[PDB]
2 protein chains.
Amino acid sequence: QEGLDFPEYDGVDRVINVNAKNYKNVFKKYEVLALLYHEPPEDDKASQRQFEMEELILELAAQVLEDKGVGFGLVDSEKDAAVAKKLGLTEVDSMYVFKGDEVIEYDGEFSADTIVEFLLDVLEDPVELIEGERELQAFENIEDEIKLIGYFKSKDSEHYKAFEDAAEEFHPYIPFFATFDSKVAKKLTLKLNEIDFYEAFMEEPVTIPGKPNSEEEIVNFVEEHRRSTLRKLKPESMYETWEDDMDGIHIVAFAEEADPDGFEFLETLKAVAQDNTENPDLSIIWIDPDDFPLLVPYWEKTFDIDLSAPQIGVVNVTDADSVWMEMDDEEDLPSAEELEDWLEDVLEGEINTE
Amino acid sequence: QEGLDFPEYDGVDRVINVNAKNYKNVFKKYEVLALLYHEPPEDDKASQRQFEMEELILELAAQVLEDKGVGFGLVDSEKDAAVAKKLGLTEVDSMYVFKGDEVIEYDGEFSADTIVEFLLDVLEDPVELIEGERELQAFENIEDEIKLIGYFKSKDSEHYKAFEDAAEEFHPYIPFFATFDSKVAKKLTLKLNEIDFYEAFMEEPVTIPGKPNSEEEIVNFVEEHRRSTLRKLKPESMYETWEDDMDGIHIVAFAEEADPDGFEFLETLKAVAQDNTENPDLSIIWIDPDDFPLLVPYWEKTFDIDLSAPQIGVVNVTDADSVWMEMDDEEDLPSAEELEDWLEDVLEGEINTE
Ligand SMILES: [Ca+2]
Ligand SMILES: [Ca+2]
Ligand SMILES: [Ca+2]
Ligand SMILES: [Ca+2]
Ligand SMILES: [Ca+2]
Ligand SMILES: [Ca+2]
Ligand SMILES: [Ca+2]
Ligand SMILES: [Ca+2]
Ligand SMILES: [Ca+2]
Ligand SMILES: [Ca+2]
Ligand SMILES: [Ca+2]
Ligand SMILES: [Ca+2]
Ligand SMILES: [Ca+2]
Ligand SMILES: [Ca+2]
Ligand SMILES: [Ca+2]
Ligand SMILES: [Ca+2]
Ligand SMILES: [Ca+2]
Ligand SMILES: [Ca+2]
Ligand SMILES: [Ca+2]
Ligand SMILES: [Ca+2]
Ligand SMILES: [Ca+2]
Ligand SMILES: [Ca+2]
Ligand SMILES: [Ca+2]
Ligand SMILES: [Ca+2]
Ligand SMILES: [Ca+2]
Ligand SMILES: [Ca+2]
Ligand SMILES: [Ca+2]
Ligand SMILES: [Ca+2]
Ligand SMILES: [Ca+2]
Ligand SMILES: [Ca+2]
Ligand SMILES: [Ca+2]
Ligand SMILES: [Ca+2]
Ligand SMILES: [Ca+2]
Ligand SMILES: [Ca+2]
Ligand SMILES: [Ca+2]
Ligand SMILES: [Ca+2]
Ligand SMILES: [Ca+2]
Ligand SMILES: [Ca+2]
Ligand SMILES: [Ca+2]
Ligand SMILES: [Ca+2]
Ligand SMILES: [Ca+2]
């Protein structure tokens, strides 16, 4: 209770419809503005209470973040079509966050805490500094996300400023790090103004060519290397990741990292992904079921799998049709060779959902 | 949406009031029964709305976990005082989970996902086996919670069965591990029938004396060593931890593990905690603000601290009055000796909230 009191919605109306009349003043009122771009709801009671539930979630987030200068609004895809075209709102059910000169699309779990955590991340500065051996270890501990790190003279360096400009383009989904510490740069093998790109779960980085790097060179490189061989599904971006597949067919690996059997399978998956990381056609989404408890019974019934054991399979996003690697039980995990056999069969189409 | 469809409440009334007339019927209907013990809500509209919101959270959890044999019910502390006393429901706002011969008290964040995640943990078996070096590594990776591991001949061992009996008494809050692997036991330095107790964040375990250990011997040891020197606040048990104050105060350390500065402060805190782990009067609650986004603005306003930087201080649990260690900014972290001197001043009353 005292010192540990979750906020409860006070009923004050803070999330309003944004339209051609007020959108210019609403932007002036709030330093950071989050606009949910939505289609008009249907009269169905299941979709009626659904839409009212969404706005109340934004109402709680608006209350929690009021003092930090964050505002929330709603934009109707039909009623406010001219406003949506002017602002760049194009994907229904996405929430567009306006910070400075940037527009950030939120396409993640629509819950109050996930949205507030995301907005708190948006409020942070886009570049994290690294100085000393212990901060370097914190950088090295990052593995489940893409990361960049550059070595510059100081914050006054023109090349640091270009690095920060590029960081703003991907904020807050890709952490950018900068060091002015020559001893840190030496251990990372970074020469002056060099920037290293670390693919998720990869040990070895890729150095951005053509140093020093303009904002344009960094942004183009990151866009070219956007898709990791192994990606971890995260609530803040779960629908963006789920929708980011060419043929709507995912290789999905379920592994509970804290469980001994899940850990064993995760080791093999990471090693295979590392050994095959140059394959431009291989991409695997790792889901830790402990990150999505409300989806665990849904997954087990829809996929006909037991999520207390590791799994890897093929999922068709059209109708959740799926096929899974055969294991006798949790102790019959594939070797790296067996896993590589199975992935090659999936890429060739020999193993499929159809 | 297909493959990533969060469940929505279907309006079916699955959570009902459990009273002296129906309580035996309800226990018979469900394998596992979770009963929320609550006072009657106040009659004003806001109090009524908040109560209906909490029951809808339970209705969603009951819908998600219906096929797994879980049911939820409400017990009124005024209307149902007799049946509450008979069932051992004594702490208002606690949810008591009945599995087998055990009653598990839930005293954590009242959210649908946290509750469903907790119930899925309850449904798991209370002892996890360790076999092989890679599963041993998974055990060694556990550090933010108390863990026990024992070496027995097989599942048929009388001493394994006593170990499993004791595990059920702390399920699912303290993971119990067992190995029948002599190679794993040798690495852990476990002799046959020995049980090692690992306090959270400690590198060295404490062997339970008096092997072979009966259930009562294990339960008494764990209860006597229940409070770690450094314990992490977790949503599943946040109120149990917060209500376990030390003479009306908590020493609270805010540190974001993923942030380089939070990581640095966390290293020092873990080292000081290990160096002072024998002091029974020292206990520190580590809060990672990334784990409680909905409480971050509340904390910054209530404690008057900047949660973008690491913090440690004293919090009075009666009125949330607080005092915090002064640091210029996130780079002005205390050394291990400075942190230990500050903790000593707190334990002597030289630093206090009054
Ligand atoms: Ca509250
Ligand atoms: Ca509203
Ligand atoms: Ca969406
Ligand atoms: Ca831009
Ligand atoms: Ca989308
Ligand atoms: Ca954060
Ligand atoms: Ca700039
Ligand atoms: Ca730009
Ligand atoms: Ca981020
Ligand atoms: Ca290099
Ligand atoms: Ca260049
Ligand atoms: Ca999108
Ligand atoms: Ca595909
Ligand atoms: Ca297991
Ligand atoms: Ca196992
Ligand atoms: Ca790759
Ligand atoms: Ca979880
Ligand atoms: Ca195994
Ligand atoms: Ca096999
Ligand atoms: Ca099929
Ligand atoms: Ca749904
Ligand atoms: Ca009901
Ligand atoms: Ca409670
Ligand atoms: Ca309580
Ligand atoms: Ca949540
Ligand atoms: Ca779990
Ligand atoms: Ca037994
Ligand atoms: Ca017992
Ligand atoms: Ca647990
Ligand atoms: Ca030993
Ligand atoms: Ca004994
Ligand atoms: Ca309690
Ligand atoms: Ca920092
Ligand atoms: Ca720093
Ligand atoms: Ca201790
Ligand atoms: Ca978080
Ligand atoms: Ca204040
Ligand atoms: Ca100082
Ligand atoms: Ca630092
Ligand atoms: Ca002293
Ligand atoms: Ca005071």
Side-chain angles (χ1 to χ4, degrees), chain A residues 1-8 11 46 60 64-65 67-68 109 111-114 116-117 120 124 128-132 134-135 137-139 141-142 238-239 242 250 252 258-264 267 290 293-299 301-303 308 315-320 322 331, chain B residues 2-8 46 50 60 64-65 67-68 109-114 116-117 120 124 128-132 134-139 141-142 238-239 242 250 252 258-264 267 290 293-299 301-303 308 315-320 322 331:
Chain A
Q1 190 176 336
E2 295 293 333
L4 207 69
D5 193 27
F6 275 115
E8 311 177 339
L60 176 60
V64 175
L65 293 173
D67 286 339
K68 284 171 177 298
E109 177 189 344
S111 51
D113 50 9
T114 312
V116 168
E117 184 179 346
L120 288 170
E124 299 178 344
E128 185 71 22
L129 297 185
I130 288 174
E131 188 182 87
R134 303 323 302 154
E135 291 195 349
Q137 184 63 56
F139 171 80
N141 290 347
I142 298 178
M238 54 186 295
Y239 304 118
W242 200 248
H250 293 299
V252 177
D259 180 81
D261 303 283
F263 172 80
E264 276 185 293
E267 287 196 297
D290 257 15
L294 291 183
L295 290 176
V296 166
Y298 166 81
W299 282 329
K301 175 184 178 182
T302 302
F303 298 151
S308 70
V315 180
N316 194 324
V317 313
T318 302
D319 60 344
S322 62
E331 294 300 334
Chain B
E2 305 307 287
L4 233 56
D5 190 25
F6 275 114
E8 305 159 18
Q50 191 62 25
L60 180 61
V64 169
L65 299 164
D67 293 339
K68 283 171 184 297
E109 173 187 340
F110 205 86
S111 179
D113 48 13
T114 311
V116 165
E117 179 169 350
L120 292 173
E124 296 182 342
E128 183 80 17
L129 296 182
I130 297 299
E131 189 264 331
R134 301 324 303 154
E135 289 194 353
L136 173 57
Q137 183 63 52
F139 166 83
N141 290 344
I142 300 172
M238 60 188 295
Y239 302 117
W242 194 255
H250 290 294
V252 177
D259 179 87
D261 302 285
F263 172 79
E264 272 189 298
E267 301 206 289
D290 260 342
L294 294 181
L295 283 173
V296 161
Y298 165 85
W299 280 328
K301 182 178 72 67
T302 303
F303 300 146
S308 75
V315 178
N316 183 288
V317 301
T318 300
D319 62 350
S322 64
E331 307 299 332

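Side-chain atoms are counted along with the backbone in the values below, which use heavy atoms only and exclude waters and symmetry mates. Chain letters run A, B, ... following the sequence lines, proteins first and then strands; every chain starts at 1.
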Novice: Sort B:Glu117 into side chain, backbone, both or neither according to what part of it lies under 4.5 angstrom from a heavy atom of chain A.
Specialist: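 For B:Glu117, the contact with chain A is made by backbone and side chain together.
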
Novice: Among A:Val64, A:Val116, A:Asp113, single out the residue with the greatest number of heavy-atom pairs under 4.5 Å to chain B.
Specialist: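 Maximum pair count with chain B is reached by A:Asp113.
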
Novice: What is the ring orientation for B:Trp242 with B:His250, classed by angle as parallel under 30°, tilted 30 to 60°, or perpendicular over 60°?
Specialist: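 The rings of B:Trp242 and B:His250 sit tilted, inter-plane angle from 30° to 60°.
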
Novice: Which atoms of B:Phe110 come close to chain A, meaning under 4.5 Å heavy atom to heavy atom: side chain ones, backbone ones, both, or neither?
Specialist: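 It is neither, since no heavy atom gets under 4.5 Å.
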
Novice: Tell me which of these, A:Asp67, A:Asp261, A:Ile130, has more heavy-atom pairs under 4.5 Å with chain B than the rest.
Specialist: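 Of the candidates given, the most pairs with chain B belong to A:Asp261.
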
Novice: Give the member of A:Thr302, A:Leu120, A:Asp259, A:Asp5 that has the highest number of heavy-atom pairs under 4.5 Å with chain B.
Specialist: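 Ranked by contacts with chain B, first place is A:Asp5.
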
Novice: With a 6.0 Å cut-off (strictly less than), is the heavy-atom count around CD of A:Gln1, excluding the residue itself, greater than 12?
Specialist: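 Not more than 12 within 6.0 Å, no.
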
Novice: By a 4.5 Å heavy-atom criterion (distance strictly below it), what part of A:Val252 contacts chain B: side chain, backbone, both, or neither?
Specialist: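 A:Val252 has no heavy atom closer than 4.5 Å to chain B.
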
Novice: By a 4.5 Å heavy-atom criterion (distance strictly below it), what part of A:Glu331 contacts chain B: side chain, backbone, both, or neither?
Specialist: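 The side chain, not the backbone.
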
Novice: With heavy-atom distances below 4.5 Å as the criterion, would you say the side chains of A:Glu109 and A:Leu295 are in contact?
Specialist: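 They are not in contact (no side-chain heavy atoms under 4.5 Å apart), so the answer is no.
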
Novice: At a 4.5 Å cut-off on heavy atoms, which part of A:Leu294 comes close to chain B: side chain, backbone, both, or neither?
Specialist: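 When you check distances to chain B, atoms from both the backbone and side chain of A:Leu294 fall under 4.5 Å.
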
Novice: B:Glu131: which residues meet the salt bridge (charged side-chain N to carboxylate O under 4.0 Å, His left out) condition with it, sequence neighbours left out?
Specialist: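 Checked B:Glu131 against salt bridge (charged side-chain N to carboxylate O under 4.0 Å, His left out); zero matches.
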
Novice: Quick one: closest heavy-atom pair of A:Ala320 and B:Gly3, and the distance?
Specialist: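 Closest approach of A:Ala320 to B:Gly3, heavy atoms only: CB-N, 3.8 Å.
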
Novice: Where on A:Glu267 is there a heavy atom nearer than 4.5 Å to chain B: the side chain, the backbone, both, or neither?
Specialist: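 Just its side chain gets close to chain B.
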
Novice: Go through B:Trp299 and A:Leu4 one step at a time and tell me if the side-chain contact (heavy atoms from CB on, under 4.5 Å) criterion holds.
Specialist: CA-CA 8 Å; B:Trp299 280 328; A:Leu4 207 69; 3.5 Å; yes

Novice: Looking at B:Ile142, B:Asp290, B:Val315, which one has more heavy-atom pairs under 4.5 Å with chain A than the rest?
Specialist: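 The option with the most such pairs is B:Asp290.
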
Novice: For residues B:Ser308 and A:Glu124, determine if any side-chain heavy atom of one lies less than 4.5 Å from a side-chain heavy atom of the other.
Specialist: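 A side-chain contact is absent here, since even the closest heavy-atom pair is not under 4.5 Å.
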
Novice: Taking only residues two or more places apart in sequence, or in another chain, which ones meet B:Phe139 in a ring-ring contact (aromatic ring centres under 6.0 Å, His included)?
Specialist: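 By the ring-ring contact (aromatic ring centres under 6.0 Å, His included) rule, B:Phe139 matches B:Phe177, B:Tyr198.
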
Novice: Under a 4.5 Å heavy-atom cut-off, does chain B meet the side chain of A:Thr318, its backbone, both or neither?
Specialist: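 It is the backbone, since no side chain atom gets that close.
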
